[PDB]
Amino acid sequence: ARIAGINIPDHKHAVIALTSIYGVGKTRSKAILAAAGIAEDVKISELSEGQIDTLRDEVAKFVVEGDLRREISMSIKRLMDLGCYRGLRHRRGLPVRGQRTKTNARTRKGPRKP
Amino acid sequence: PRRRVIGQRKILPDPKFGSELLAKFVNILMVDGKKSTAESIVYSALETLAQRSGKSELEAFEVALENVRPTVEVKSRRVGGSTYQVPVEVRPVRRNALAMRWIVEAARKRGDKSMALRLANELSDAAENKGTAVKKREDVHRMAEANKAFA
Amino acid sequence: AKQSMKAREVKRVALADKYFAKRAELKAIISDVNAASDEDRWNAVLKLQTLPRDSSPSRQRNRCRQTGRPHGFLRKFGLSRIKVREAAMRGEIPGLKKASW
Amino acid sequence: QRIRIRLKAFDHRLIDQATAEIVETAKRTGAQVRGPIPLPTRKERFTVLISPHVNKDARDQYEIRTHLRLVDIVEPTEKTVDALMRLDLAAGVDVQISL
Amino acid sequence: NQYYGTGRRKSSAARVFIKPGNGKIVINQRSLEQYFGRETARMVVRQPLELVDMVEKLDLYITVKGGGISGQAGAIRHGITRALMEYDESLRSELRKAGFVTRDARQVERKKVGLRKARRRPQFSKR
Amino acid sequence: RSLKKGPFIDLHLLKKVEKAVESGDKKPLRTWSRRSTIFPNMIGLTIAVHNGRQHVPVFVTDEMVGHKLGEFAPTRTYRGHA
RNA sequence: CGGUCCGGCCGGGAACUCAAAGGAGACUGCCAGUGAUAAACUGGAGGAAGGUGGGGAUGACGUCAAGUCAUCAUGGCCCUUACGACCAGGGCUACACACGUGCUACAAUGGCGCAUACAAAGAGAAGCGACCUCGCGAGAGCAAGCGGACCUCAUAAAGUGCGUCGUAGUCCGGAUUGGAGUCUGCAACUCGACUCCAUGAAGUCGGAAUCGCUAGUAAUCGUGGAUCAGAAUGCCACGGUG
Ligand SMILES: [K+]
Ligand SMILES: [K+]
Ligand SMILES: [K+]
Ligand SMILES: [K+]
Ligand SMILES: [K+]
Ligand SMILES: [K+]
Ligand SMILES: [K+]
Ligand SMILES: [K+]
Ligand SMILES: [K+]
Ligand SMILES: [Mg+2]
Ligand SMILES: [Mg+2]
Ligand SMILES: [Mg+2]
Ligand SMILES: [Mg+2]
Ligand SMILES: [Mg+2]
Ligand SMILES: [Mg+2]
Ligand SMILES: [Mg+2]
Ligand SMILES: [Mg+2]
Ligand SMILES: [Mg+2]
Ligand SMILES: [Mg+2]
Ligand SMILES: [Mg+2]
Ligand SMILES: [Mg+2]
């Protein structure tokens with residue numbers, strides 16, 4: 001079922017299938033389901049079309065899609081050409097939040113090099 | 001130990017059945033000191049076995065167990081620059097521990113959903129002479145006949 | 001331990017008990033939730049820098065009494081781990097003795 | 001009206017002497033003494049590096065044992081409370097008076 | 001009258017009062033099944049009264065504190081045995097023969113210096 | 001992050017900035033206070049921030065507001081390993 | 001026993017758990033056999049415990065010209081407008097890489113949600129901070145009690161019952177990054193801890209090889225303490241299952 005995230009969730013429980021939307025996690029999806037008066041156990045199937053329709057405008061109250069990717073990128077690109085310390089970290093590909101770089105920074109520097 | 005002639009720490013029997021053999025089986029199956037979880041797995045799987053194989057709850061466990069007990073094992077001995085697999089007869093108590101340990105280790109490497117369902121199927125086809133547990137016994141016996149020259 | 005360091009610690013203690021512990025009001029009762037969100041709060045925050053960089057009780061390293069050793073301090077005796085064992089052993093510390101249990 | 005007094009010492013032999021001495025001193029004055037009561041003893045514990053340098057794995061464990069006693073006098077006639085102020089209590093014990 | 005017994009285990013201490021009557025078991029103002037959710041604890045507690053088969057002829061009033069479920073069940077068995085002694089004193093041998101008289105003196109060994117646990121040492125490497 | 005109960009700038013620089021605004025734009029205002037935040041009153045000024053051994057010049061613009069002064073003056077130099 | 005608001009909470013009791021002082025107890029002491037009419041060995045009784053009952057402290061003459069002249073002391077040498085002293089900022093936290101020790105995982109003996117049991121040992125005055133109100137939360141406001149078997153830290157967690165997920169890079173994993181915050185502290189850019197929303201790397205049990213452990217031990221679950229304004233996955237201790 002297409003939702004405001006125009007991606008398509010599937011035949012799982014409602015509170016979990018909503019998580020397939022970028023920008024909606026676990027608690028936020030619970031809040032969405034609560035405002036529409038839908039139990040968290042019902043699957044995405046066996047939902048009346050009006051129920052889906054009232055779901056998808058509740059999601060509209062959050063900035064959650066490739067638009068959210070837009071501001072995420074802009075916030076990083078801002079730091080980038082601004083030139084602050086985190087700009088240098090982001091441009092060099094090194095950890096940004098003051099972690100340890102002498103060893104053990106693999107998830108940020110990528111796989112091992114010789 | 002070089003000199004100690006060790007005794008034997010006692011083991012309490014089963015609560016439900018009063019069996020001194022299932023107490024060992026629960027000990028073999030338990031992990032990280034969680035005795036209750038192991039008892040839940042063994043009990044649920046045992047009763048599933050009983051109703052699948054007719055009746056006779058714990059002697060349905062015995063009939064599969066008697067199908068996997070080894071009678072001769074192999075010991076590796078280094079001669080002078082070569083080593084031989086001298087086959088030696090198995091002690092009585094060791095026969096059960098070997099038979100239980102193989103069943104449990106085989107009842108872990110399956111694709112079933114639960115541990116109770118996983119273990120019950122192993123306990124069933126072992127009584128029917130199928131399963132990795134009985135194959136282990138066949139392999140050990142086959143290995144121990146090829147070296148019967150060294151007995 | 002380099003008497004210069006011992007001199008620094010005694011100076012810091014004397015400078016702390018003169019200014020603060022009485023001029024700690026301006027960091028508590030003006031950095032407080034009330035209607036003083038005007039210059040009343042702002043000027044106190046600005047004034048707190050003008051005080052000497054020392055006198056802040058978070059700047060005394062709590063050295064050993066007999067040696068000025070900066071590491072391995074024990075508050076109950078005020079000595080370092082070296083001198084406590086040495087003095088414990090001759091019998092200078094009442095009550096203290098080797099523990100086995 | 002009742003006075004309650006505590007005794008703290010670093011060793012049990014010295015606290016026993018002071019306790020048995022104070023307790024009988026009041027009993028002479030005609031009052032009835034309630035106790036003594038052995039309270040649980042607080043044992044502090046310390047571990048220290050014994051080398052000046054490295055060798056972390058070789059340490060030493062010490063302890064301070066604080067023995068404690070309690071006695072209650074529940075009819076302090078006006079000759080007992082003062083009299084207690086002039087007892088030859090030891091040096092290694094200290095007393096606490098409460099009314 | 002009532003007969004008394006103190007039994008104890010890892011860290012628990014149980015005191016047990018036996019009275020003639022019918023089988024009634026109360027632990028800390030609760031029934032036996034309401035207290036011990038672990039079914040082997042129930043079997044442990046009952047063991048002495050099934051050996052000496054005075055199981056339906058006695059009231060048991062029991063107060064337990066300290067330790068965990070298996071320690072408390074262990075203490076109760078020891079406390080029951082001692083009190084059941086104070087009842088008959090002639091059925092001692094067979095209670096001895098089952099290992100119930102012995103007060104299990106096992107305790108958790110203290111952590112030692114340089115070891116991550118009582119005996120587990122850290123890893124050792126040559127190079 | 002510090003509290004919403006006040007941002008933090010030092011006095012010895014707050015005096016200098018407010019004394020230099022009216023007198024125009026001049027040679028960069030030299031400072032050691034890396035730890036003082038940037039105010040909207042600073043926009044368009046040039047400040048020479050310390051980095052341990054020099055005073056690197058930063059020209060304050062609108063987007064660098066709320067940031068500490070220090071994070072436009074790296075203290076470590078690193079050009080590769082081979 | 002009586003009272004009761006069902007709470008040892010009241011009168012009360014000194015029995016019981018417990019606290020902490022003083023004793024008793026275990027000695028191959030007794031029995032049988034073996035042994036050189038020995039020393040000691042096996043087994044049995046009794047007993048809470050049996051053969052050093054369990055654990056600890058306790059480290060002989062000496063070895064490595066082992067370590068420490070940066071705890072301290074000290075022979076010789078060296079500096080004395082500096083190799084001494086004061087101050088701000090930085091650095092010890094860098095990052096192509098390699099090793100050691102740990103922690104968290106790869107899931108169903110499990111994850112998540114609700115209900116619900118059972119500890120021990122500790123610390124506290126420039127301290128521990130209750131009840132109550134506010135906040136989704138970290139916390140904030142007011143403020144009792146406690147130098148403590150009395151008050152606070154402080155609701156143990158594995159467990160247990162119900163439900164759900166159904167073998168999927170997943171309702172596993174929680175690294176990284178963006179945003180928004182609290183708290184300590186003159187001040188969290190370099191370089192703090194924690195909270196909430198969002199994101200969801202590698203990882204599907206690990207080559208040659210190698211480490212610890214003989215019983216309340218290994219494995220596993222939590223708790224406390226010292227250092228300390230704040231800042232442990234480390235160290236030192238404690239109990240649960242086993
Ligand atoms: K998502
Ligand atoms: K010298
Ligand atoms: K620095
Ligand atoms: K770093
Ligand atoms: K490693
Ligand atoms: K670690
Ligand atoms: K910082
Ligand atoms: K996931
Ligand atoms: K701290
Ligand atoms: Mg760090
Ligand atoms: Mg400090
Ligand atoms: Mg443990
Ligand atoms: Mg080493
Ligand atoms: Mg008495
Ligand atoms: Mg040398
Ligand atoms: Mg040197
Ligand atoms: Mg370092
Ligand atoms: Mg608390
Ligand atoms: Mg898988
Ligand atoms: Mg864990
Ligand atoms: Mg801890």
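A note on names: the letters A, B, ... follow the listed sequences, proteins ahead of strands, and every chain is numbered from 1. Computed from heavy atoms alone, side chains included, the values below leave out hydrogens, waters and symmetry copies.
- OP1 or OP2 of G:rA226 has not a single side-chain nitrogen or oxygen of C:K76 nearer than 4.0 Å.
- No Watson-Crick or G-U wobble pair joins G:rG113 and G:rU233 with the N1-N3 or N1-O2 distance and the second distance both under 3.5 Å.
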Query raised in the report: Base, backbone or nothing for each nucleotide of nucleotides 236-242 of chain G, written B, S, -, heavy atoms under 4.0 angstrom, 5' to 3'?
Result: SBSSSBB
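- Of the residues near RNA chain G, D:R4 and E:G37, the one whose nearest nucleotide (by heavy atom distance) lies more toward the 5' end is D:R4.
- Under the 5.5 Å centre and 30° plane thresholds, G:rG181 stacks on its strand neighbour G:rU182.
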Show every donor-acceptor pair shorter than 3.5 Å between a side-chain atom in residues 71-82 of chain F and any protein atom, with sequence neighbours excluded, or say none if there are none.
{"from": "F:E71", "atom 1": "OE2", "to": "F:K68", "atom 2": "N", "distance (Å)": "3.0"}
{"from": "F:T77", "atom 1": "OG1", "to": "F:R79", "atom 2": "NH1", "distance (Å)": "3.3"}

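- Between G:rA198 and A:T27, a contact under 4.0 Å exists linking OP1 or OP2 to a side-chain N or O.
- Residue C:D17 is the one, among C:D17 and C:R75, whose nearest nucleotide of RNA chain G lies closer to the 5' end (criterion: closest heavy atom).
- Annotated as anti: G:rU93, whose glycosidic dihedral deviates from 0 by more than 90°.
- In this structure D:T41 satisfies the side chain to side chain contact (heavy atoms under 4.5 Å, CB included) test together with D:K43, D:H67, sequence neighbours excluded.
- One finds a side-chain N or O of C:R8 lying less than 4.0 angstrom from the OP1 or OP2 phosphate oxygen of G:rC86.
- Taken as a pair, G:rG174 and G:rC142 do not qualify under the rule of Watson-Crick (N1-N3 plus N6-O4 or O6-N4) or G-U wobble (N1-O2 and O6-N3), both under 3.5 Å.
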Could you list, one pair per line, each protein nitrogen or oxygen that sits under 3.5 Å from a nitrogen or oxygen of nucleotides 4-10 of chain G, together with the distance?
none

Report summary line: Scoring nucleotides 40-53 of chain G by protein non-hydrogen atoms under 4.0 Å (B base, S sugar-phosphate only, - none) yields -------BSS----
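- A sub-4.0 Å separation between OP1 or OP2 of G:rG91 and a side-chain N or O of F:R76 is present.
- At the phosphate of G:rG200, neither OP1 nor OP2 sits under 4.0 Å from any side-chain N or O atom of A:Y22.
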Return a table of donor-acceptor pairs under 3.5 angstrom between the side chains of residues 13-28 of chain A and protein atoms on other chains or two or more places apart.
{"from": "A:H13", "atom 1": "NE2", "to": "A:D41", "atom 2": "O", "distance (Å)": "3.3"}
{"from": "A:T19", "atom 1": "OG1", "to": "A:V15", "atom 2": "O", "distance (Å)": "3.4"}
{"from": "A:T19", "atom 1": "OG1", "to": "A:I16", "atom 2": "O", "distance (Å)": "3.3"}
{"from": "A:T19", "atom 1": "OG1", "to": "A:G25", "atom 2": "O", "distance (Å)": "2.8"}
{"from": "A:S20", "atom 1": "OG", "to": "A:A17", "atom 2": "O", "distance (Å)": "2.9"}
{"from": "A:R28", "atom 1": "NH1", "to": "A:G23", "atom 2": "O", "distance (Å)": "3.3"}

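- With sequence neighbours left out, the ring-ring contact (aromatic ring centres under 6.0 Å, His included) criterion links D:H53 to no other residue.
- On a pure distance criterion of 3.5 Å, no polar donor-acceptor pair joins the side chain of F:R35 and the base of G:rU190.
- Counting distance only, with no hydrogens placed and no angle test, the side-chain atoms of A:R106 and the base atoms of G:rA202 include no donor-acceptor pair under 3.5 Å.
- In this structure, E:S12 has no side-chain hydrogen bond (donor to acceptor under 3.5 Å, both in side chains) partners at least two apart in sequence or on a different chain.
- Between F:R53 and G:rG91, a side-chain N or O to OP1/OP2 separation shorter than 4.0 Å is absent.
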Below 3.5 Å is the cut-off: list the nitrogen or oxygen pairs between protein and nucleotides 211-213 of chain G, distance only.
{"from": "G:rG212", "atom 1": "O4'", "to": "E:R120", "atom 2": "NH1", "distance (Å)": "3.1"}

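- For F:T75 against G:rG90, a side-chain-to-base donor-acceptor contact under 3.5 Å is absent.
- Residues satisfying the ring-ring contact (aromatic ring centres under 6.0 Å, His included) criterion with C:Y19, sequence neighbours excluded, are absent altogether.
- Non-hydrogen atoms lying under 4.0 Å from RNA chain G are contributed by A:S75, all within residues 65-75 of chain A.
- Both distances falling under 3.5 Å, in either a Watson-Crick or a G-U wobble arrangement, place G:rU182 opposite G:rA193.
- C:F77 is linked by a ring-ring contact (aromatic ring centres under 6.0 Å, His included) to D:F46, counting only residues two or more places apart in sequence or in another chain.
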